Amino acid sequence: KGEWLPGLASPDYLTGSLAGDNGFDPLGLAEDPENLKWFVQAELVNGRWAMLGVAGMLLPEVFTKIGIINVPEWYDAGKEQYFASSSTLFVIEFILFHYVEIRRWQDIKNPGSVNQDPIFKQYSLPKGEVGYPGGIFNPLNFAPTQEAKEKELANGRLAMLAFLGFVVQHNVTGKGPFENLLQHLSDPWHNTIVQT
Amino acid sequence: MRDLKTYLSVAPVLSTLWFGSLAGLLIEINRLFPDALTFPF
Amino acid sequence: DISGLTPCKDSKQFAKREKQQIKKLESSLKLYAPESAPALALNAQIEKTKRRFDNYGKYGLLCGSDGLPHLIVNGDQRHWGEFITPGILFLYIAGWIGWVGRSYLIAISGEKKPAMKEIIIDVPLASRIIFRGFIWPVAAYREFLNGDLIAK
Amino acid sequence: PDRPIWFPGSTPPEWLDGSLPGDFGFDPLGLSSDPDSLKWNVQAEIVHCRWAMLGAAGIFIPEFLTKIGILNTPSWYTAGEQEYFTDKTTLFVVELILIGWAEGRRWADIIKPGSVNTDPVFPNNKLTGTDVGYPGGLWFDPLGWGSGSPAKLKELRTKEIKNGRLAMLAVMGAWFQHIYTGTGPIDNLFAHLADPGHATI
Ligand code: CLA
Ligand SMILES: CC(/C=C/C=C(C)/C=C/[C@@]12O[C@]1(C)C[C@@H](O)CC2(C)C)=C\C=C\C=C(C)\C=C\C=C(C)\C=C\[C@@]12O[C@]1(C)C[C@@H](O)CC2(C)C
Ligand SMILES: CC(/C=C/C=C(C)/C=C/[C@@]12O[C@]1(C)C[C@@H](O)CC2(C)C)=C\C=C\C=C(C)\C=C\C=C(C)\C=C\[C@@]12O[C@]1(C)C[C@@H](O)CC2(C)C
């Protein structure tokens, strides 16, 4: 579709049949079709996780302007005491995520092989694409048209860049992502990466 | 000149330019941060 | 105290070495007028020596009985900056160089006279290939999985 | 083939056939023997001309008005030492971003001509110029003088080039005069006009 850089030609292997195809591959990673098949799923999962991560790192700090709750910052949330030890929670998380991610992985190898429930055999996911399971994962039956997929990919890429910015700013400034915005909005020409 | 550009791509001249730039970079790096025995970061 | 060693900051021999070096530097300065350039150079040398000794004291090195720092390479987390991190950086850089060389060699293998492209380098193609080695681990690992790394 | 030459009686180089605006056959070292180098050098000369004309105006018109006392601006040499509303590095970064967007589209038109002639936001808007380095359209030619017969064009494009070269020489002269004599360029002119025989290097 669109060109990431006018005046340059698109790669041959990027034919525009994929969602969010702007012909961006200067370093040629996806020349091998198997690499492309793996990297599509990698991008999807990374974007979907980063969107939730950013949403959870930003909004629980926006409370200061509205003053509903009192929650520690995203980099101090770990040290707080909880009803269970950190090791127990980590063990349970590992136990569940092992099964979940092994179930997801088998679809990439042999599509359509894990669409059936293992305990209640009368239940099965409708046939779909590799990275878009559907079924009970889509309770509202929204149509997965190409426009919605492109919107999803754009939001995922933006959120990934936002998470990288959130990580890098804290190492330098030492404050929260929202506090960095208000300081910039106070004196825009004096509060940038160039401190002076 | 095409022939002049060809002579600049021969192995000895290119190697000399590359190694001169490399040595300059290393000398400046050791000038800014002298006596490095450990990676402290 | 690994292997019976002691921290540099508590070592008396380290301080004695510093004092001897500084005293040796100071005896040469008495031969010159304070305003002269050699006096300035000797002052800079003395300051640099003091700074180097202070920095070695700060980083948590270990000294022996001779007052000289020793390196631990067994993998202990308290000394990862001595061997592990520079090793990983060197491995990354060497893999970059090797991958770029292999890519350039493969690129010109299909030409009519591949030998002439080795004595007279094709600058634009190499420049285009130079940037690609920045992600060499991913490309190398995926090539290993696909079986294209080893010649048949 | 019968155009005036820089060195009358000599023979112009083979690659300089008189087709370009401002061509006098001056290329002793053969820096543009091949066509690609010729095109690149033509574009570099046109850009250097346009920046040097802006720079010459900005150096000399302000300094003259200060001397006759109408304005009170500082010297052009030390104009980068005054304190503005923000630190200089921030201004440099803003400059870099804006001029990078401006020049980046100019790079793509050199490599692939006529690929960047459309407005990315409002496709109703276009540039009209056919020739690389002469973009035209309502942005760069609002009066419509930049198109016409080949006679009308080869004059205007030669006038631009001859003025730009003079401006480049004048700018370098002003730099070296301020380096050596240590005084503004206008003072040098008045000193020369006072005692032309002796007010010299
Ligand atoms: C457009 C070009 C140009 C012009 C008009 C001038 C004009 C002037 N320069 Mg000058 N200069 C120039 C370029 C120019 N310079 C360059 C490029 C340099 C760097 C080498 C210098 C270095 C320089 C110094 C060091 C000094 C002057 C001085 C002077 C003034 C006294 C005359 C003199 O002794 O200069 C001699 C001129 C030169 C050595 C440069 C040669 C002239 C160039 C090649 C252009 C030739 C003009 C052109 C071919 C004729 C037609 C165009 C005409 C309408 C201008 C005079 C106003 C003196 C001063 O301050 O006045 C009191 C002085 O001390 N200039
Ligand atoms: C998933 C992700 C992050 C997820 C974060 C999560 C969940 C965070 C959770 C937490 O916060 C909460 C919620 C609770 C907080 O208290 C605590 C923690 C737990 C910390 C990031 C991905 C992040 C991914 C990023 C940044 C990727 C960047 C990749 C780029 C730029 C690639 C560029 C190229 O790829 C192309 C396009 C083509 C190549 O050819 C050319 C190049 C140039 C090489
Ligand atoms: C290129 C140049 C010189 C050219 C050299 C020549 C003739 C070479 C000619 C030859 O190659 C040929 C043709 C053919 C070959 O066979 C032989 C040689 C002999 C090799 C000069 C200037 C080149 C470039 C110039 C003039 C740059 C301009 C600078 C500007 C715009 C400055 C602006 C400002 O001054 C303001 C306005 C206000 C201030 O406050 C701030 C600043 C920023 C300082």
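Note that ligands are numbered from 1 as they come in the structure, with each ligand's atoms numbered from 1 the same way. Atoms considered below: every heavy atom in the structure, side chains included; atoms not considered: hydrogens, waters and symmetry mates. Letters A, B, ... mirror the listed sequences (proteins, then strands); counts begin at 1.
- Within the 4.0 Å cut-off (strictly below), no protein heavy atom is located near atom 46 (C) of ligand 1.
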Please assess D/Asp131 against D/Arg157 for the test side chain to side chain contact (heavy atoms under 4.5 Å, CB included), listing each intermediate value before the final yes or no. CA-CA 12 Å; D/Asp131 307 352; D/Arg157 295 179 180 184; 2.8 Å; yes

Between the protein and ligand 2, are there any N or O atom pairs that come within less than 3.5 Å of each other, and if so, what are their names and distances?
{"from": "ligand 2", "atom 1": "16 (O)", "to": "A/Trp74", "atom 2": "O", "distance (Å)": "3.3"}
{"from": "ligand 2", "atom 1": "40 (O)", "to": "A/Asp25", "atom 2": "OD1", "distance (Å)": "3.3"}

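- Within 4.0 Å of atom 28 (C) of ligand 1, at least one protein heavy atom is present.
- The shortest N/O to N/O separation between D/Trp51 and ligand 3 does not fall below 3.5 Å.
- Remark: ligand 3 atoms within the under-4.0 Å shell around heavy atoms of D/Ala79 are 40 (O).
- Every atom of ligand 3 with a heavy atom of D/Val171 under 4.0 Å away is listed here by number and element: 26 (C).
- Between the choices D/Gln177, D/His178, D/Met172, the shortest heavy-atom distance to atom 65 (N) of ligand 1 belongs to D/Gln177.
- Rounding to the nearest 0.5 Å gives a distance of 14.0 Å between CG of D/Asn188 and OH of D/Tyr180.
- Here the shortest heavy-atom distance to atom 61 (O) of ligand 1, taken over D/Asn188, D/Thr200, D/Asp187, belongs to D/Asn188.
- The 12-atom threshold is exceeded at OH of A/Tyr13, counting heavy atoms of other residues, nucleotides or ligands nearer than 6.0 Å.
- At under 3.5 Å, not a single nitrogen or oxygen of D/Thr181, backbone or side chain, sits near a nitrogen or oxygen of ligand 1.
- There is no side-chain donor-acceptor pair under 3.5 Å between D/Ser32 and D/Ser37.
- Comment: D/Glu103 engages D/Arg106 in a salt bridge, judged by a side-chain N to carboxylate O separation of less than 4.0 angstrom.
- Ring planes of C/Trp96 and C/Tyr92: perpendicular class, angle over 60° (limits at 30 and 60°).
- Relative ring orientation between D/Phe26 and D/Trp6 is described as perpendicular, the plane-to-plane angle rising above 60° on a 0-90° scale split at 30° and 60°.
- To the nearest 0.5 angstrom, D/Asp17 atom CG is 7.0 Å from D/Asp23 atom CG.
- In this structure, atom 39 (C) of ligand 1 has protein heavy atoms in its sub-4.0 angstrom surroundings.
- Applying the salt bridge (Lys or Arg N to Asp or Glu O under 4.0 Å) criterion to C/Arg128, with sequence neighbours excluded, gives no partner residue.
- Looking at D/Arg165, D/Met168, D/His192 and measuring to atom 32 (C) of ligand 1, the nearest heavy atom belongs to D/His192.
- If you number the atoms of ligand 1 from 1 as listed, the ones under 4.0 Å from a heavy atom of D/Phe176 come out as 19 (C).
- In terms of protein heavy-atom proximity, atom 3 (C) of ligand 1 is closest to D/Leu169 O, 4.9 Å.
- A ring-centre distance under 6.0 Å is found for A/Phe94 and A/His98.
- Put simply, atom 63 (C) of ligand 1 has protein non-hydrogen atoms near it, under 4.0 Å away.
- Less than 4.0 angstrom separates some heavy atom of D/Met172 from each of these atoms of ligand 3: 21 (C), 22 (C).
- The backbone N or O of A/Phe24 lies less than 3.5 Å from no partner atom in the side chain of A/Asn22, so there is not a single donor-acceptor pair.
- To the nearest 0.5 Å, atoms CD (D/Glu14) and CG (D/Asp27) are separated by 10.0 Å.
- Atoms NZ and CG, on A/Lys37 and A/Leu18 in that order, are 11.5 Å from each other to the nearest 0.5 Å.
- Between A/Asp32 and C/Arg142 there is no salt bridge, since none of the side-chain N atoms of the basic residue sits less than 4.0 Å from a carboxylate O of the acidic one.
- Counting heavy atoms only, D/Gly173 comes closest to atom 18 (C) of ligand 1 of the residues D/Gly173, D/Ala56, D/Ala170.
- Ligand 3 has a nitrogen or oxygen under 3.5 angstrom from a nitrogen or oxygen of D/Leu29.
- Protein non-hydrogen atoms do reach within 4.0 Å of atom 23 (C) of ligand 1.
- Closest to atom 37 (C) of ligand 1 among all protein heavy atoms lies D/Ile201 CD1, 4.9 Å.
- Counting atoms of ligand 3 from 1 in the listed order, those under 4.0 Å from a heavy atom of D/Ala52 are 26 (C).
- Under the 4.0 Å criterion applied to side-chain N and carboxylate O atoms, D/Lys67 and D/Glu63 are not assigned as salt-bridge partners.
- Figure legend: cation-pi geometry between D/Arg3 and D/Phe24 absent, as NZ or CZ is not positioned both under 6.0 Å from the six-membered ring centre and within 45° of its axis.
- Distance remark: protein heavy atom not present below 4.0 angstrom from atom 49 (C) of ligand 1.
- For ligand 3, the atoms sitting less than 4.0 Å from at least one non-hydrogen atom of D/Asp27 are 16 (O), numbered in the order shown with element in parentheses.
- Under the 4.0 Å distance rule, the nearest protein heavy atom to atom 35 (O) of ligand 1 falls outside the cut-off.
- With 3.5 Å as the limit, one finds no donor-acceptor pair spanning the side chains of D/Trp15 and D/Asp34.
- With hydrogens left out, the protein atom closest to atom 25 (C) of ligand 1 is D/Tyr180 CD2, 3.6 Å, a heavy atom.
- Using a 4.0 Å cut-off between charged side-chain N and carboxylate O, A/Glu152 and A/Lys149 make no salt bridge.
- For atom 16 (C) of ligand 1, the nearest protein heavy atom is under 4.0 Å away.
- A cation-pi arrangement, defined by a distance under 6.0 Å to the six-membered ring centre and an angle within 45 degrees of its axis, is absent between A/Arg104 and A/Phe97.
- Looking at atom 52 (C) of ligand 1, its nearest protein heavy atom turns out to be D/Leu166 CD1, 4.9 Å.
- Of all atoms in ligand 3, numbered sequentially from 1 with element shown, those under 4.0 Å from a heavy atom of D/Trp76 are 40 (O).
- Distances below 4.0 Å separate heavy atoms of D/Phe26 from the following atoms of ligand 3: 12 (C), 13 (C), 14 (C).
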